[PDB]
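Engineer: Sending over model06.txt (compact mmCIF, C-alpha atoms and all ligand atoms).
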# COMPACT_ATOMS: atom_id res chain seq x y z
CA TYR A 351 120.78 124.36 87.55
CA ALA A 352 122.77 125.98 90.36
CA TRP A 353 121.03 124.24 93.27
CA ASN A 354 122.41 125.61 96.53
CA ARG A 355 124.06 123.17 98.94
CA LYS A 356 124.28 123.71 102.70
CA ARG A 357 126.11 121.66 105.32
CA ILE A 358 124.75 120.88 108.79
CA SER A 359 126.75 119.27 111.60
CA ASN A 360 127.52 119.73 115.30
CA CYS A 361 123.89 120.22 116.30
CA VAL A 362 120.77 118.36 117.42
CA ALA A 363 117.97 118.14 114.85
CA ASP A 364 114.31 117.97 115.88
CA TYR A 365 112.63 116.52 112.79
CA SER A 366 109.35 116.13 114.70
CA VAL A 367 108.34 119.76 114.21
CA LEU A 368 109.36 119.72 110.55
CA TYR A 369 107.29 116.59 109.90
CA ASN A 370 104.31 117.93 111.86
CA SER A 371 104.37 121.20 109.88
CA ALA A 372 101.77 120.26 107.26
CA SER A 373 102.89 123.19 105.07
CA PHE A 374 105.03 120.72 103.10
CA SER A 375 103.11 119.44 100.07
CA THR A 376 105.38 116.41 99.59
CA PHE A 377 107.46 114.86 102.39
CA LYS A 378 108.97 111.68 100.96
CA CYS A 379 111.80 109.67 102.52
CA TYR A 380 113.54 106.72 100.85
CA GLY A 381 116.44 105.46 102.96
CA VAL A 382 114.68 105.99 106.30
CA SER A 383 111.14 106.29 107.57
CA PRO A 384 110.01 109.82 108.51
CA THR A 385 108.99 108.81 112.03
CA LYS A 386 112.31 107.28 113.07
CA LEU A 387 114.46 110.28 112.11
CA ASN A 388 114.14 111.62 115.66
CA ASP A 389 116.06 108.60 117.02
CA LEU A 390 118.88 108.16 114.48
CA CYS A 391 122.39 109.62 114.36
CA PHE A 392 124.21 110.90 111.28
CA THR A 393 127.78 111.97 110.64
CA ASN A 394 126.59 115.09 108.78
CA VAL A 395 123.54 116.16 106.78
CA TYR A 396 123.55 117.98 103.43
CA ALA A 397 120.57 120.19 102.55
CA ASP A 398 120.22 121.05 98.86
CA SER A 399 117.68 123.79 98.09
CA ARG B 983 115.54 102.97 110.32
CA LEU B 984 112.48 101.73 108.40
CA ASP B 985 108.83 101.28 109.29
CA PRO B 986 107.64 97.65 109.33
CA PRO B 987 106.07 97.69 105.85
CA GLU B 988 109.32 98.83 104.22
CA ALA B 989 111.59 96.87 106.57
CA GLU B 990 109.91 93.58 105.68
CA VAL B 991 111.55 93.55 102.24
CA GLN B 992 115.10 93.94 103.57
CA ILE B 993 114.40 91.49 106.39
CA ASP B 994 113.18 88.92 103.86
CA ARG B 995 116.28 89.41 101.70
CA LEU B 996 118.53 88.85 104.71
CA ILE B 997 116.47 85.83 105.78
CA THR B 998 116.78 84.26 102.33
CA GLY B 999 120.53 84.82 102.17
CA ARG B 1000 121.22 83.50 105.66
CA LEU B 1001 118.94 80.50 105.15
CA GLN B 1002 120.87 79.66 101.99
CA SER B 1003 124.14 79.92 103.91
CA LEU B 1004 122.85 77.66 106.68
CA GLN B 1005 121.56 75.07 104.21
CA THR B 1006 124.89 74.98 102.40
CA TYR B 1007 126.77 74.60 105.68
CA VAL B 1008 124.50 71.80 106.86
CA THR B 1009 124.81 69.90 103.58
CA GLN B 1010 128.60 70.17 103.64
CA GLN B 1011 128.58 68.99 107.26
CA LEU B 1012 126.38 66.02 106.37
CA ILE B 1013 128.74 64.92 103.59
CA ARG B 1014 131.80 65.40 105.79
CA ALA B 1015 130.13 63.43 108.59
CA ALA B 1016 129.44 60.58 106.17
CA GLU B 1017 133.12 60.57 105.21
CA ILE B 1018 134.18 60.60 108.86
CA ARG B 1019 131.77 57.76 109.63
CA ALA B 1020 133.32 55.69 106.85
CA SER B 1021 136.76 56.41 108.30
CA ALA B 1022 135.55 55.51 111.80
CA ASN B 1023 134.12 52.21 110.58
CA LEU B 1024 137.45 51.46 108.92
CA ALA B 1025 139.26 52.27 112.16
CA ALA B 1026 136.91 50.06 114.18
CA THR B 1027 137.51 47.18 111.78
CA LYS B 1028 141.26 47.78 112.01
CA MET B 1029 141.08 47.62 115.79
CA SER B 1030 138.95 44.47 115.84
CA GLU B 1031 141.21 42.66 113.36
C1 LIG A 1101 109.23 128.73 109.37
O1 LIG A 1101 108.21 129.61 110.04
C2 LIG A 1101 107.03 128.84 110.48
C3 LIG A 1101 106.12 129.75 111.25
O2 LIG A 1101 106.66 129.98 112.52
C4 LIG A 1101 107.42 127.64 111.36
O3 LIG A 1101 106.25 126.83 111.54
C5 LIG A 1101 105.92 126.77 112.95
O4 LIG A 1101 106.00 128.12 113.60
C6 LIG A 1101 105.75 128.05 115.05
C7 LIG A 1101 105.96 129.42 115.63
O5 LIG A 1101 106.95 130.09 114.90
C8 LIG A 1101 106.69 127.06 115.74
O6 LIG A 1101 106.31 126.93 117.12
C9 LIG A 1101 104.87 126.81 117.22
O7 LIG A 1101 104.40 127.48 118.39
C10 LIG A 1101 102.98 127.41 118.57
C11 LIG A 1101 102.61 128.27 119.76
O8 LIG A 1101 102.91 129.62 119.45
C12 LIG A 1101 102.59 125.94 118.76
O9 LIG A 1101 101.19 125.83 118.94
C13 LIG A 1101 103.03 125.12 117.54
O10 LIG A 1101 102.70 123.75 117.73
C14 LIG A 1101 104.52 125.30 117.26
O11 LIG A 1101 105.22 124.65 118.30
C15 LIG A 1101 106.67 125.71 115.10
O12 LIG A 1101 107.75 124.91 115.67
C16 LIG A 1101 106.83 125.75 113.63
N1 LIG A 1101 106.56 124.38 113.07
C17 LIG A 1101 105.24 123.75 113.21
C18 LIG A 1101 104.08 124.45 113.92
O13 LIG A 1101 105.07 122.66 112.75
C19 LIG A 1101 108.50 126.80 110.75
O14 LIG A 1101 108.96 125.83 111.73
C20 LIG A 1101 109.66 127.61 110.30
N2 LIG A 1101 110.62 126.71 109.58
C21 LIG A 1101 111.72 126.08 110.30
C22 LIG A 1101 112.70 125.16 109.56
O15 LIG A 1101 111.85 126.28 111.47
Step by step, read the file and then write its structure as structure tokens.
Ligand SMILES: *[C@@H]1O[C@H](CO)[C@@H](O[C@@H]2O[C@H](CO)[C@@H](O[C@@H]3O[C@H](CO)[C@@H](O)[C@H](O)[C@@H]3O)[C@H](O)[C@H]2NC(C)=O)[C@H](O)[C@H]1NC(C)=O

Structural biologist:
Amino acid sequence: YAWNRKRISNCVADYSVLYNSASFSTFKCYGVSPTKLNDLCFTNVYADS
Amino acid sequence: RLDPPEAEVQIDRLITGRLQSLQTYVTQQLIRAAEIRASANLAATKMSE
């Protein structure tokens, strides 16, 4: 009900390690494919936990 | 951004839309060309007479 929101910008993100870490039970992407994230560019990324 | 299996849907939507646009343009051009051919035949008759 009070989900915490974090902002990430001004950095390089290596999604390869996160995707390869099989600890995640569900890893589901809608707008983009998981593989291609390592090649895209975003203005800023919000992480809601 | 998308893997081929997911991309195919968006690619097909774009293909359908652009094909529709091209067909409409070609039909309009055909009708306009028929009109211009009628005008050109009239002009040729005017010259000859
Ligand atoms: C949260 O902590 C865990 C545990 O560290 C991270 O998972 C993996 O942790 C290892 C080491 O901390 C990271 O490097 C690894 O090094 C070993 C050699 O020591 C190597 O064999 C592995 O392939 C890996 O490079 C690893 O990047 C990291 N992720 C993996 C293995 O998929 C986890 O990354 C931490 N969470 C975040 C957001 O960083």

Engineer: Residues up to 6 Å from ligand LIG 1101 (chain A), counting only C-alpha atoms and all ligand atoms: could you list those as a ChimeraX atom specification?

Structural biologist: /A:367-368,370-371

Engineer: Separation of CA of residue 993 (chain B) and CA of residue 382 (chain A), in Å?

Structural biologist: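 Atom-to-atom, CA of residue 993 (chain B) to CA of residue 382 (chain A), that is 14.5 Å.
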
Engineer: Between A:394, A:360, A:385, A:354, which has the minimum distance to chain B (counting all atoms listed in the file)?

Structural biologist: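 Under the stated criterion, the closest residue is A:385.
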
Engineer: Interatomic distance between CA of residue 391 (chain A) and CA of residue 373 (chain A)?

Structural biologist: 25.5 Å

Engineer: Mind dumping a table of every chain B residue within 10 Å of chain A, with the nearest atom pair and its distance in Å to one decimal, using only C-alpha atoms, sorted by chain and rising number, as a Markdown table?

Structural biologist:
| residue | atom | partner | partner_atom | distance |
| --- | --- | --- | --- | --- |
| B:983 | CA | A:382 | CA | 5.1 |
| B:984 | CA | A:383 | CA | 4.8 |
| B:985 | CA | A:383 | CA | 5.8 |
| B:986 | CA | A:383 | CA | 9.5 |
| B:988 | CA | A:383 | CA | 8.4 |
| B:989 | CA | A:383 | CA | 9.5 |

Engineer: Could you pull the residues within 12 Å of residue 352 (chain A), counting all atoms listed in the file, minus those fewer than 2 positions along the same chain, as number ranges by chain?

Structural biologist: A: 354-355, 398-399

Engineer: Go ahead and compute the interatomic distance for CA of residue 392 (chain A) and CA of residue 357 (chain A), in Å to one decimal.

Structural biologist: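 Interatomic distance here is 12.4 Å.
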
Engineer: Step by step, gather every atom of region 359-365 of chain A that the file lists, find the box along x, y and z that holds them, add 4 Å on each side, and finally give centre and edge lengths in Å to one decimal, as lines of an AutoDock Vina configuration file.

Structural biologist:
center_x = 120.1
center_y = 118.4
center_z = 114.5
size_x = 22.9
size_y = 11.7
size_z = 13.8

Engineer: Could you rebuild region 985-1020 of chain B with N, CA and C atoms and give me the result as an mmCIF file, in the coordinates of the input?

Structural biologist:
data_model
loop_
_atom_site.group_PDB
_atom_site.id
_atom_site.type_symbol
_atom_site.label_atom_id
_atom_site.label_comp_id
_atom_site.auth_asym_id
_atom_site.auth_seq_id
_atom_site.Cartn_x
_atom_site.Cartn_y
_atom_site.Cartn_z
ATOM 1 N N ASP B 985 110.088 101.748 108.737
ATOM 2 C CA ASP B 985 108.830 101.280 109.290
ATOM 3 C C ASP B 985 108.570 99.850 108.832
ATOM 4 N N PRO B 986 107.756 99.101 109.570
ATOM 5 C CA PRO B 986 107.640 97.650 109.330
ATOM 6 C C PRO B 986 107.351 97.334 107.870
ATOM 7 N N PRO B 987 106.410 98.040 107.237
ATOM 8 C CA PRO B 987 106.070 97.690 105.850
ATOM 9 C C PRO B 987 107.258 97.761 104.900
ATOM 10 N N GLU B 988 108.144 98.742 105.070
ATOM 11 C CA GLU B 988 109.320 98.830 104.220
ATOM 12 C C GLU B 988 110.428 97.895 104.704
ATOM 13 N N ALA B 989 110.549 97.729 106.022
ATOM 14 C CA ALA B 989 111.590 96.870 106.570
ATOM 15 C C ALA B 989 111.421 95.438 106.109
ATOM 16 N N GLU B 990 110.172 94.984 105.986
ATOM 17 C CA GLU B 990 109.910 93.580 105.680
ATOM 18 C C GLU B 990 110.703 93.109 104.468
ATOM 19 N N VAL B 991 110.853 93.962 103.454
ATOM 20 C CA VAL B 991 111.550 93.550 102.240
ATOM 21 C C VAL B 991 113.017 93.237 102.548
ATOM 22 N N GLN B 992 113.696 94.160 103.230
ATOM 23 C CA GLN B 992 115.100 93.940 103.570
ATOM 24 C C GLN B 992 115.246 92.741 104.498
ATOM 25 N N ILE B 993 114.337 92.612 105.465
ATOM 26 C CA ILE B 993 114.400 91.490 106.390
ATOM 27 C C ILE B 993 114.261 90.179 105.629
ATOM 28 N N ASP B 994 113.358 90.135 104.648
ATOM 29 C CA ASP B 994 113.180 88.920 103.860
ATOM 30 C C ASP B 994 114.422 88.619 103.031
ATOM 31 N N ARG B 995 115.052 89.646 102.460
ATOM 32 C CA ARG B 995 116.280 89.410 101.700
ATOM 33 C C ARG B 995 117.360 88.813 102.589
ATOM 34 N N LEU B 996 117.539 89.385 103.781
ATOM 35 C CA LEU B 996 118.530 88.850 104.710
ATOM 36 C C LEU B 996 118.179 87.426 105.119
ATOM 37 N N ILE B 997 116.897 87.163 105.373
ATOM 38 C CA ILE B 997 116.470 85.830 105.780
ATOM 39 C C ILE B 997 116.799 84.823 104.687
ATOM 40 N N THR B 998 116.496 85.170 103.437
ATOM 41 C CA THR B 998 116.780 84.260 102.330
ATOM 42 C C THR B 998 118.271 83.978 102.232
ATOM 43 N N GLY B 999 119.093 85.027 102.285
ATOM 44 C CA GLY B 999 120.530 84.820 102.170
ATOM 45 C C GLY B 999 121.076 83.946 103.286
ATOM 46 N N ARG B 1000 120.690 84.247 104.526
ATOM 47 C CA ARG B 1000 121.220 83.500 105.660
ATOM 48 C C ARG B 1000 120.699 82.071 105.679
ATOM 49 N N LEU B 1001 119.452 81.856 105.261
ATOM 50 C CA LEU B 1001 118.940 80.500 105.150
ATOM 51 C C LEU B 1001 119.715 79.709 104.111
ATOM 52 N N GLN B 1002 120.042 80.338 102.981
ATOM 53 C CA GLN B 1002 120.870 79.660 101.990
ATOM 54 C C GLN B 1002 122.222 79.287 102.572
ATOM 55 N N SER B 1003 122.841 80.212 103.306
ATOM 56 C CA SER B 1003 124.140 79.920 103.910
ATOM 57 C C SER B 1003 124.042 78.748 104.875
ATOM 58 N N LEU B 1004 123.009 78.745 105.719
ATOM 59 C CA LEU B 1004 122.850 77.660 106.680
ATOM 60 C C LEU B 1004 122.621 76.329 105.982
ATOM 61 N N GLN B 1005 121.799 76.316 104.931
ATOM 62 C CA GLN B 1005 121.560 75.070 104.210
ATOM 63 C C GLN B 1005 122.837 74.540 103.589
ATOM 64 N N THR B 1006 123.627 75.423 102.976
ATOM 65 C CA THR B 1006 124.890 74.980 102.400
ATOM 66 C C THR B 1006 125.810 74.412 103.469
ATOM 67 N N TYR B 1007 125.912 75.095 104.610
ATOM 68 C CA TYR B 1007 126.770 74.600 105.680
ATOM 69 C C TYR B 1007 126.313 73.239 106.167
ATOM 70 N N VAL B 1008 125.003 73.060 106.340
ATOM 71 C CA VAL B 1008 124.500 71.800 106.860
ATOM 72 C C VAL B 1008 124.731 70.671 105.867
ATOM 73 N N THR B 1009 124.554 70.939 104.572
ATOM 74 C CA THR B 1009 124.810 69.900 103.580
ATOM 75 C C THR B 1009 126.280 69.501 103.563
ATOM 76 N N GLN B 1010 127.178 70.490 103.593
ATOM 77 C CA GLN B 1010 128.600 70.170 103.640
ATOM 78 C C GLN B 1010 128.926 69.359 104.887
ATOM 79 N N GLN B 1011 128.336 69.728 106.025
ATOM 80 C CA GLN B 1011 128.580 68.990 107.260
ATOM 81 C C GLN B 1011 128.068 67.562 107.154
ATOM 82 N N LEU B 1012 126.910 67.367 106.525
ATOM 83 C CA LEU B 1012 126.380 66.020 106.370
ATOM 84 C C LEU B 1012 127.329 65.156 105.544
ATOM 85 N N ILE B 1013 127.826 65.697 104.432
ATOM 86 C CA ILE B 1013 128.740 64.920 103.590
ATOM 87 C C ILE B 1013 130.028 64.615 104.344
ATOM 88 N N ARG B 1014 130.575 65.614 105.038
ATOM 89 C CA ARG B 1014 131.800 65.400 105.790
ATOM 90 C C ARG B 1014 131.595 64.374 106.898
ATOM 91 N N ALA B 1015 130.426 64.396 107.537
ATOM 92 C CA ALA B 1015 130.130 63.430 108.590
ATOM 93 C C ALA B 1015 130.018 62.025 108.015
ATOM 94 N N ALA B 1016 129.454 61.890 106.815
ATOM 95 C CA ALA B 1016 129.440 60.580 106.170
ATOM 96 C C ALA B 1016 130.853 60.082 105.918
ATOM 97 N N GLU B 1017 131.727 60.964 105.429
ATOM 98 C CA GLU B 1017 133.120 60.570 105.210
ATOM 99 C C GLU B 1017 133.783 60.147 106.514
ATOM 100 N N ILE B 1018 133.571 60.920 107.579
ATOM 101 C CA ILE B 1018 134.180 60.600 108.860
ATOM 102 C C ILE B 1018 133.620 59.300 109.414
ATOM 103 N N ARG B 1019 132.336 59.021 109.182
ATOM 104 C CA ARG B 1019 131.770 57.760 109.630
ATOM 105 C C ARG B 1019 132.385 56.586 108.883
ATOM 106 N N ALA B 1020 132.621 56.744 107.581
ATOM 107 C CA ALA B 1020 133.320 55.690 106.850
ATOM 108 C C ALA B 1020 134.707 55.462 107.425
#
